[PDB]
Protein chains: 2
Amino acid sequence: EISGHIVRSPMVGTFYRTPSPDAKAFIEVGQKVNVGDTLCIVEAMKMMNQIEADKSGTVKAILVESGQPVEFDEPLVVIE
Amino acid sequence: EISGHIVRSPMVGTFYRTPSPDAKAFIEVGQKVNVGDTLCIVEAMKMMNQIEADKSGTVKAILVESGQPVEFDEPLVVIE
Ligand SMILES: *C(=O)CCCC[C@@H]1SC[C@@H]2NC(=O)N[C@@H]21
Ligand SMILES: *C(=O)CCCC[C@@H]1SC[C@@H]2NC(=O)N[C@@H]21
């Protein structure tokens with residue numbers, strides 16, 4: 001059912017929506033993003049990987065909640 | 001940009017995706033739901049309101065994370 005371009009995790013770690021515990025989220029559903037825009041962060045033992053959009057579009061859905069563990073290739077964000 | 005049928009909060013309270021702190025979520029993006037299916041819970045001072053689907057379709061997006069406060073009429077879930 002999930003149609004659109006799916007941005008997947010490039011690593012095993014913990015998913016975060018924000019640049020810090022007190023900051024606002026990089027993106028929200030309905031937001032337009034451009035190639036290169038940071039969508040989220042996946043962290044593993046303090047190694048923090050900033051996941052960027054590989055194509056421009058609108059954020060259709062965010063599939064994981066902040067603080068949740070993600071696997072390699074796990075769907076994170078859908079862009080339409 | 002958010003196209004589809006939007007299920008909104010009927011009250012001011014706290015949004016929860018699960019029936020208990022240790023349970024799995026009622027729904028996930030991509031899941032097909034039928035009228036009457038529970039999508040989430042909004043809680044205010046232990047008054048727990050189970051939000052049900054008013055139409056059948058596929059969950060396109062979930063707009064709030066568990067434990068976050070929601071306002072009256074705030075968009076919660078999008079059904080396509
Ligand atoms: C390390 O274990 C200390 C906490 C690290 C927090 C980082 S900053 C970027 C991520 N966003 C967030 O909310 N927490 C993560
Ligand atoms: C009251 O303040 C005690 C905690 C109430 C927990 C309830 S059970 C249904 C909701 N889901 C969840 O994860 N927590 C909420």
# chains A, B, ... in the order shown; residues from 1 in each chain; ligands from 1
>>> residues_around(residues="range 20-24 of chain B", least_positions_apart="6", cutoff="12 Å", atoms="only C-alpha atoms", output="list in words")
residues 39, 40, 41, 43, 48, 66 and 67 of chain B
>>> calpha_fit_and_write(fixed="chain A", moving="chain B", output="compact mmCIF listing (two decimals) with N, CA, C and O atoms, in the first residue's frame")
# COMPACT_ATOMS: atom_id res chain seq x y z
N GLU B 1 0.85 -1.22 0.00
CA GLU B 1 0.00 0.00 0.00
C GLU B 1 0.87 1.25 0.00
O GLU B 1 0.50 2.27 -0.57
N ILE B 2 2.04 1.15 0.63
CA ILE B 2 2.97 2.27 0.71
C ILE B 2 3.53 2.59 -0.67
O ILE B 2 4.46 1.93 -1.14
N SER B 3 2.90 3.54 -1.36
CA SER B 3 3.36 3.94 -2.68
C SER B 3 4.19 5.20 -2.49
O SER B 3 3.91 6.00 -1.59
N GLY B 4 5.18 5.38 -3.35
CA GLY B 4 6.04 6.54 -3.27
C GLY B 4 7.49 6.10 -3.17
O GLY B 4 7.79 4.90 -3.25
N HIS B 5 8.38 7.07 -3.03
CA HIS B 5 9.80 6.80 -2.90
C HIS B 5 10.09 6.60 -1.42
O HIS B 5 9.82 7.49 -0.61
N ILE B 6 10.66 5.46 -1.07
CA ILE B 6 10.95 5.17 0.34
C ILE B 6 12.42 5.38 0.66
O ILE B 6 13.29 4.84 -0.02
N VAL B 7 12.67 6.18 1.68
CA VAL B 7 14.02 6.45 2.14
C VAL B 7 14.25 5.41 3.23
O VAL B 7 13.48 5.33 4.19
N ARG B 8 15.30 4.62 3.08
CA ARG B 8 15.60 3.55 4.02
C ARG B 8 16.83 3.82 4.84
O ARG B 8 17.68 4.64 4.48
N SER B 9 16.94 3.13 5.96
CA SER B 9 18.07 3.31 6.84
C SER B 9 19.33 2.67 6.25
O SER B 9 19.29 1.52 5.80
N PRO B 10 20.44 3.41 6.24
CA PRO B 10 21.70 2.88 5.72
C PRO B 10 22.47 2.15 6.82
O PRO B 10 23.58 1.69 6.59
N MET B 11 21.88 2.05 8.01
CA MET B 11 22.55 1.39 9.12
C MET B 11 21.64 0.90 10.24
O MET B 11 20.44 1.17 10.27
N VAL B 12 22.23 0.11 11.12
CA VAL B 12 21.55 -0.43 12.28
C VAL B 12 21.81 0.60 13.37
O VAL B 12 22.95 1.01 13.59
N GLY B 13 20.75 1.06 14.03
CA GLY B 13 20.93 2.04 15.08
C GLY B 13 19.61 2.54 15.61
O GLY B 13 18.62 1.82 15.56
N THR B 14 19.61 3.75 16.14
CA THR B 14 18.43 4.39 16.71
C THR B 14 18.01 5.60 15.88
O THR B 14 18.82 6.47 15.56
N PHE B 15 16.73 5.63 15.53
CA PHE B 15 16.13 6.69 14.73
C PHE B 15 15.74 7.90 15.59
O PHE B 15 15.15 7.74 16.66
N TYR B 16 16.05 9.09 15.10
CA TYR B 16 15.72 10.35 15.76
C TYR B 16 15.18 11.31 14.71
O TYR B 16 15.70 11.38 13.60
N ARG B 17 14.15 12.06 15.08
CA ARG B 17 13.51 13.04 14.20
C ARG B 17 14.15 14.41 14.30
O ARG B 17 13.97 15.25 13.42
N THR B 18 14.92 14.64 15.36
CA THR B 18 15.48 15.97 15.65
C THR B 18 17.01 16.05 15.73
O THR B 18 17.68 15.04 15.90
N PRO B 19 17.56 17.28 15.63
CA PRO B 19 19.02 17.47 15.71
C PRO B 19 19.52 17.47 17.16
O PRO B 19 20.73 17.45 17.40
N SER B 20 18.60 17.52 18.12
CA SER B 20 18.93 17.47 19.54
C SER B 20 17.65 17.15 20.31
O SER B 20 16.55 17.36 19.80
N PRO B 21 17.78 16.68 21.55
CA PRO B 21 16.61 16.33 22.36
C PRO B 21 15.58 17.44 22.55
O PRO B 21 14.40 17.16 22.76
N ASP B 22 16.02 18.69 22.42
CA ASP B 22 15.12 19.84 22.62
C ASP B 22 14.70 20.57 21.36
O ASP B 22 13.92 21.53 21.42
N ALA B 23 15.22 20.16 20.21
CA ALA B 23 14.91 20.83 18.96
C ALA B 23 13.65 20.32 18.28
O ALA B 23 13.09 19.28 18.66
N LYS B 24 13.20 21.07 17.29
CA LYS B 24 12.03 20.71 16.51
C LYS B 24 12.49 19.66 15.49
O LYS B 24 13.68 19.52 15.23
N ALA B 25 11.54 18.92 14.92
CA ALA B 25 11.87 17.90 13.94
C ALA B 25 12.32 18.52 12.62
O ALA B 25 11.90 19.62 12.27
N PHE B 26 13.20 17.82 11.92
CA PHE B 26 13.70 18.25 10.62
C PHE B 26 12.54 18.38 9.64
O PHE B 26 12.48 19.32 8.84
N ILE B 27 11.64 17.40 9.67
CA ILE B 27 10.50 17.36 8.77
C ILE B 27 9.24 16.90 9.48
O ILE B 27 9.29 16.31 10.56
N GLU B 28 8.11 17.16 8.83
CA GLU B 28 6.80 16.75 9.31
C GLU B 28 6.07 16.33 8.04
O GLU B 28 6.46 16.71 6.93
N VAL B 29 5.04 15.50 8.19
CA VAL B 29 4.25 15.03 7.05
C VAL B 29 3.62 16.26 6.39
O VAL B 29 3.19 17.18 7.09
N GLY B 30 3.64 16.29 5.06
CA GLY B 30 3.08 17.41 4.32
C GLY B 30 4.09 18.46 3.91
O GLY B 30 3.80 19.36 3.12
N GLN B 31 5.30 18.35 4.45
CA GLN B 31 6.37 19.28 4.16
C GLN B 31 7.02 18.95 2.83
O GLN B 31 7.14 17.78 2.47
N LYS B 32 7.42 19.98 2.09
CA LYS B 32 8.09 19.78 0.81
C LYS B 32 9.57 19.75 1.14
O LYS B 32 10.04 20.54 1.96
N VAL B 33 10.29 18.81 0.55
CA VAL B 33 11.72 18.69 0.77
C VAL B 33 12.46 18.72 -0.57
O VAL B 33 11.89 18.40 -1.62
N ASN B 34 13.72 19.14 -0.52
CA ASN B 34 14.56 19.22 -1.69
C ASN B 34 15.71 18.26 -1.49
O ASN B 34 16.05 17.90 -0.35
N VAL B 35 16.30 17.83 -2.60
CA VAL B 35 17.45 16.94 -2.55
C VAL B 35 18.47 17.54 -1.61
O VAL B 35 18.74 18.75 -1.66
N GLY B 36 19.03 16.71 -0.74
CA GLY B 36 20.03 17.18 0.20
C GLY B 36 19.50 17.58 1.56
O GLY B 36 20.28 17.73 2.50
N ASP B 37 18.19 17.77 1.68
CA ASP B 37 17.59 18.15 2.96
C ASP B 37 17.69 17.00 3.96
O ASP B 37 17.47 15.84 3.60
N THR B 38 18.02 17.31 5.20
CA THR B 38 18.13 16.30 6.24
C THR B 38 16.71 15.90 6.67
O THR B 38 15.86 16.75 6.91
N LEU B 39 16.46 14.60 6.73
CA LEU B 39 15.15 14.09 7.12
C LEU B 39 15.13 13.58 8.55
O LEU B 39 14.13 13.72 9.26
N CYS B 40 16.24 12.99 8.96
CA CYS B 40 16.35 12.41 10.28
C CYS B 40 17.79 12.01 10.52
O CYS B 40 18.67 12.25 9.69
N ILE B 41 18.02 11.39 11.67
CA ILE B 41 19.33 10.92 12.09
C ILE B 41 19.20 9.48 12.58
O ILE B 41 18.18 9.11 13.18
N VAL B 42 20.18 8.65 12.23
CA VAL B 42 20.23 7.28 12.73
C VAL B 42 21.54 7.28 13.48
O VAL B 42 22.57 7.70 12.95
N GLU B 43 21.50 6.82 14.72
CA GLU B 43 22.65 6.81 15.60
C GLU B 43 23.02 5.41 16.09
O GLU B 43 22.16 4.58 16.34
N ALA B 44 24.32 5.15 16.18
CA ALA B 44 24.82 3.87 16.70
C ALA B 44 26.09 4.18 17.47
O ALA B 44 27.07 4.62 16.88
N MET B 45 26.05 4.02 18.79
CA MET B 45 27.20 4.29 19.64
C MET B 45 27.81 5.67 19.39
O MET B 45 29.03 5.81 19.24
N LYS B 46 26.95 6.68 19.34
CA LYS B 46 27.32 8.07 19.13
C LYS B 46 27.71 8.41 17.69
O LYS B 46 28.02 9.56 17.39
N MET B 47 27.74 7.41 16.81
CA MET B 47 28.04 7.66 15.40
C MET B 47 26.68 8.10 14.86
O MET B 47 25.74 7.31 14.81
N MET B 48 26.56 9.39 14.54
CA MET B 48 25.30 9.97 14.07
C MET B 48 25.26 10.26 12.57
O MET B 48 25.89 11.19 12.08
N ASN B 49 24.45 9.47 11.87
CA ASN B 49 24.31 9.57 10.42
C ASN B 49 23.08 10.41 10.06
O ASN B 49 21.96 10.08 10.46
N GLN B 50 23.31 11.54 9.39
CA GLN B 50 22.22 12.42 8.95
C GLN B 50 21.72 11.91 7.60
O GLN B 50 22.46 11.90 6.62
N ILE B 51 20.46 11.48 7.56
CA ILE B 51 19.85 10.94 6.36
C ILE B 51 19.25 12.07 5.53
O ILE B 51 18.38 12.79 6.01
N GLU B 52 19.68 12.21 4.28
CA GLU B 52 19.19 13.27 3.41
C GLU B 52 18.26 12.77 2.32
O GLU B 52 18.31 11.60 1.93
N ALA B 53 17.42 13.67 1.81
CA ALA B 53 16.51 13.34 0.73
C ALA B 53 17.35 13.18 -0.55
O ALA B 53 18.27 13.95 -0.79
N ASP B 54 17.07 12.13 -1.31
CA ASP B 54 17.77 11.87 -2.57
C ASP B 54 16.96 12.35 -3.76
O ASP B 54 17.37 12.24 -4.91
N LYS B 55 15.77 12.88 -3.47
CA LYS B 55 14.90 13.44 -4.49
C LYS B 55 13.92 14.40 -3.83
O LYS B 55 13.64 14.29 -2.64
N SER B 56 13.51 15.40 -4.60
CA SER B 56 12.59 16.42 -4.12
C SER B 56 11.15 15.93 -4.17
O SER B 56 10.79 15.16 -5.05
N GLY B 57 10.35 16.37 -3.21
CA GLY B 57 8.95 15.97 -3.17
C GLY B 57 8.30 16.38 -1.87
O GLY B 57 8.80 17.25 -1.16
N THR B 58 7.18 15.75 -1.55
CA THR B 58 6.44 16.04 -0.33
C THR B 58 6.51 14.83 0.60
O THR B 58 6.42 13.69 0.15
N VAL B 59 6.75 15.07 1.88
CA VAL B 59 6.80 14.00 2.86
C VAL B 59 5.38 13.46 3.02
O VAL B 59 4.48 14.16 3.47
N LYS B 60 5.18 12.22 2.59
CA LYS B 60 3.90 11.55 2.64
C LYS B 60 3.67 10.86 3.98
O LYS B 60 2.56 10.87 4.51
N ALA B 61 4.72 10.26 4.52
CA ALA B 61 4.61 9.55 5.79
C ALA B 61 5.98 9.32 6.44
O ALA B 61 7.00 9.25 5.75
N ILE B 62 5.98 9.24 7.76
CA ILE B 62 7.17 8.96 8.55
C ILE B 62 6.78 7.65 9.25
O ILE B 62 5.80 7.58 9.98
N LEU B 63 7.58 6.62 9.02
CA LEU B 63 7.28 5.28 9.51
C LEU B 63 7.82 4.81 10.86
O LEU B 63 7.45 3.73 11.32
N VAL B 64 8.65 5.62 11.50
CA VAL B 64 9.25 5.23 12.78
C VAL B 64 9.14 6.40 13.75
O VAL B 64 9.06 7.55 13.33
N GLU B 65 9.04 6.10 15.04
CA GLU B 65 8.98 7.14 16.06
C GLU B 65 10.38 7.37 16.60
O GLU B 65 11.19 6.45 16.59
N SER B 66 10.65 8.58 17.09
CA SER B 66 11.95 8.93 17.66
C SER B 66 12.33 8.00 18.80
O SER B 66 11.48 7.65 19.62
N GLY B 67 13.60 7.63 18.86
CA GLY B 67 14.08 6.75 19.91
C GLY B 67 13.91 5.27 19.64
O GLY B 67 14.34 4.44 20.44
N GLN B 68 13.31 4.92 18.50
CA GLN B 68 13.11 3.52 18.17
C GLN B 68 14.26 2.95 17.34
O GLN B 68 14.85 3.64 16.52
N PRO B 69 14.64 1.70 17.63
CA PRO B 69 15.73 1.06 16.89
C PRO B 69 15.29 0.71 15.47
O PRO B 69 14.13 0.37 15.24
N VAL B 70 16.20 0.88 14.51
CA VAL B 70 15.91 0.56 13.12
C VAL B 70 16.99 -0.39 12.59
O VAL B 70 18.10 -0.42 13.10
N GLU B 71 16.61 -1.20 11.60
CA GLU B 71 17.50 -2.17 10.99
C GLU B 71 18.00 -1.63 9.65
O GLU B 71 17.47 -0.65 9.13
N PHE B 72 19.01 -2.29 9.09
CA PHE B 72 19.55 -1.90 7.80
C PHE B 72 18.43 -2.11 6.79
O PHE B 72 17.70 -3.09 6.88
N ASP B 73 18.26 -1.16 5.88
CA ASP B 73 17.23 -1.21 4.83
C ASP B 73 15.79 -1.01 5.30
O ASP B 73 14.85 -1.14 4.51
N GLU B 74 15.62 -0.66 6.57
CA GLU B 74 14.28 -0.45 7.10
C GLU B 74 13.68 0.87 6.60
O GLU B 74 14.35 1.90 6.59
N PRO B 75 12.43 0.84 6.10
CA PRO B 75 11.76 2.05 5.60
C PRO B 75 11.60 3.08 6.72
O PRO B 75 11.12 2.78 7.81
N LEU B 76 11.98 4.31 6.41
CA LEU B 76 11.92 5.39 7.37
C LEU B 76 10.95 6.50 6.98
O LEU B 76 10.12 6.92 7.79
N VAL B 77 11.08 6.99 5.76
CA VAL B 77 10.26 8.11 5.28
C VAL B 77 9.81 7.84 3.86
O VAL B 77 10.52 7.23 3.07
N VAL B 78 8.59 8.27 3.55
CA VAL B 78 8.02 8.13 2.22
C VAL B 78 7.87 9.53 1.62
O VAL B 78 7.31 10.43 2.25
N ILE B 79 8.38 9.71 0.41
CA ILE B 79 8.33 10.98 -0.30
C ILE B 79 7.54 10.77 -1.59
O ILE B 79 7.81 9.83 -2.34
N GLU B 80 6.56 11.64 -1.82
CA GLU B 80 5.68 11.61 -2.98
C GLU B 80 6.04 12.74 -3.94
O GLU B 80 6.20 12.48 -5.15
>>> select_by_dssp(residues="chain A", states="strand (DSSP E or B)", output="ChimeraX atom specification")
/A:5-8,13-16,32-33,38-44,47-52,57-62,69-70,75-79
>>> write_last_selection(atoms="N, CA and C atoms", output="CSV table (one decimal), in the first residue's frame")
chain,number,residue,atom,x,y,z
A,5,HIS,N,8.4,7.1,-3.0
A,5,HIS,CA,9.8,6.8,-2.9
A,5,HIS,C,10.1,6.6,-1.4
A,6,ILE,N,10.7,5.5,-1.1
A,6,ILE,CA,10.9,5.2,0.3
A,6,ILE,C,12.4,5.4,0.7
A,7,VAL,N,12.7,6.2,1.7
A,7,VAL,CA,14.0,6.5,2.1
A,7,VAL,C,14.3,5.4,3.2
A,8,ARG,N,15.3,4.6,3.1
A,8,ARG,CA,15.6,3.5,4.0
A,8,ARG,C,16.8,3.8,4.8
A,13,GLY,N,20.8,1.1,14.0
A,13,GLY,CA,20.9,2.0,15.1
A,13,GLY,C,19.6,2.5,15.6
A,14,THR,N,19.6,3.8,16.1
A,14,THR,CA,18.4,4.4,16.7
A,14,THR,C,18.0,5.6,15.9
A,15,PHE,N,16.7,5.6,15.5
A,15,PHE,CA,16.1,6.7,14.7
A,15,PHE,C,15.7,7.9,15.6
A,16,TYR,N,16.1,9.1,15.1
A,16,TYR,CA,15.7,10.4,15.8
A,16,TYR,C,15.2,11.3,14.7
A,32,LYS,N,7.4,20.0,2.1
A,32,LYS,CA,8.1,19.8,0.8
A,32,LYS,C,9.6,19.7,1.1
A,33,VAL,N,10.3,18.8,0.5
A,33,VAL,CA,11.7,18.7,0.8
A,33,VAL,C,12.5,18.7,-0.6
A,38,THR,N,18.0,17.3,5.2
A,38,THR,CA,18.1,16.3,6.2
A,38,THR,C,16.7,15.9,6.7
A,39,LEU,N,16.5,14.6,6.7
A,39,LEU,CA,15.1,14.1,7.1
A,39,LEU,C,15.1,13.6,8.5
A,40,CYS,N,16.2,13.0,9.0
A,40,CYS,CA,16.3,12.4,10.3
A,40,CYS,C,17.8,12.0,10.5
A,41,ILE,N,18.0,11.4,11.7
A,41,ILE,CA,19.3,10.9,12.1
A,41,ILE,C,19.2,9.5,12.6
A,42,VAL,N,20.2,8.6,12.2
A,42,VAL,CA,20.2,7.3,12.7
A,42,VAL,C,21.5,7.3,13.5
A,43,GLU,N,21.5,6.8,14.7
A,43,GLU,CA,22.6,6.8,15.6
A,43,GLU,C,23.0,5.4,16.1
A,44,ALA,N,24.3,5.1,16.2
A,44,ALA,CA,24.8,3.9,16.7
A,44,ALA,C,26.1,4.2,17.5
A,47,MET,N,27.7,7.4,16.8
A,47,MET,CA,28.0,7.7,15.4
A,47,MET,C,26.7,8.1,14.9
A,48,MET,N,26.6,9.4,14.5
A,48,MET,CA,25.3,10.0,14.1
A,48,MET,C,25.3,10.3,12.6
A,49,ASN,N,24.5,9.5,11.9
A,49,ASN,CA,24.3,9.6,10.4
A,49,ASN,C,23.1,10.4,10.1
A,50,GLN,N,23.3,11.5,9.4
A,50,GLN,CA,22.2,12.4,9.0
A,50,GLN,C,21.7,11.9,7.6
A,51,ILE,N,20.5,11.5,7.6
A,51,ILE,CA,19.8,10.9,6.4
A,51,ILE,C,19.2,12.1,5.5
A,52,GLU,N,19.7,12.2,4.3
A,52,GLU,CA,19.2,13.3,3.4
A,52,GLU,C,18.3,12.8,2.3
A,57,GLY,N,10.3,16.4,-3.2
A,57,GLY,CA,9.0,16.0,-3.2
A,57,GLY,C,8.3,16.4,-1.9
A,58,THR,N,7.2,15.8,-1.6
A,58,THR,CA,6.4,16.0,-0.3
A,58,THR,C,6.5,14.8,0.6
A,59,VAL,N,6.7,15.1,1.9
A,59,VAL,CA,6.8,14.0,2.9
A,59,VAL,C,5.4,13.5,3.0
A,60,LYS,N,5.2,12.2,2.6
A,60,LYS,CA,3.9,11.5,2.6
A,60,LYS,C,3.7,10.9,4.0
A,61,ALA,N,4.7,10.3,4.5
A,61,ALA,CA,4.6,9.6,5.8
A,61,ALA,C,6.0,9.3,6.4
A,62,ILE,N,6.0,9.2,7.8
A,62,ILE,CA,7.2,9.0,8.6
A,62,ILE,C,6.8,7.7,9.2
A,69,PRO,N,14.6,1.7,17.6
A,69,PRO,CA,15.7,1.1,16.9
A,69,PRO,C,15.3,0.7,15.5
A,70,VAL,N,16.2,0.9,14.5
A,70,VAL,CA,15.9,0.6,13.1
A,70,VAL,C,17.0,-0.4,12.6
A,75,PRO,N,12.4,0.8,6.1
A,75,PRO,CA,11.8,2.0,5.6
A,75,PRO,C,11.6,3.1,6.7
A,76,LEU,N,12.0,4.3,6.4
A,76,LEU,CA,11.9,5.4,7.4
A,76,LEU,C,11.0,6.5,7.0
A,77,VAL,N,11.1,7.0,5.8
A,77,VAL,CA,10.3,8.1,5.3
A,77,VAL,C,9.8,7.8,3.9
A,78,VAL,N,8.6,8.3,3.6
A,78,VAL,CA,8.0,8.1,2.2
A,78,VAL,C,7.9,9.5,1.6
A,79,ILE,N,8.4,9.7,0.4
A,79,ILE,CA,8.3,11.0,-0.3
A,79,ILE,C,7.5,10.8,-1.6
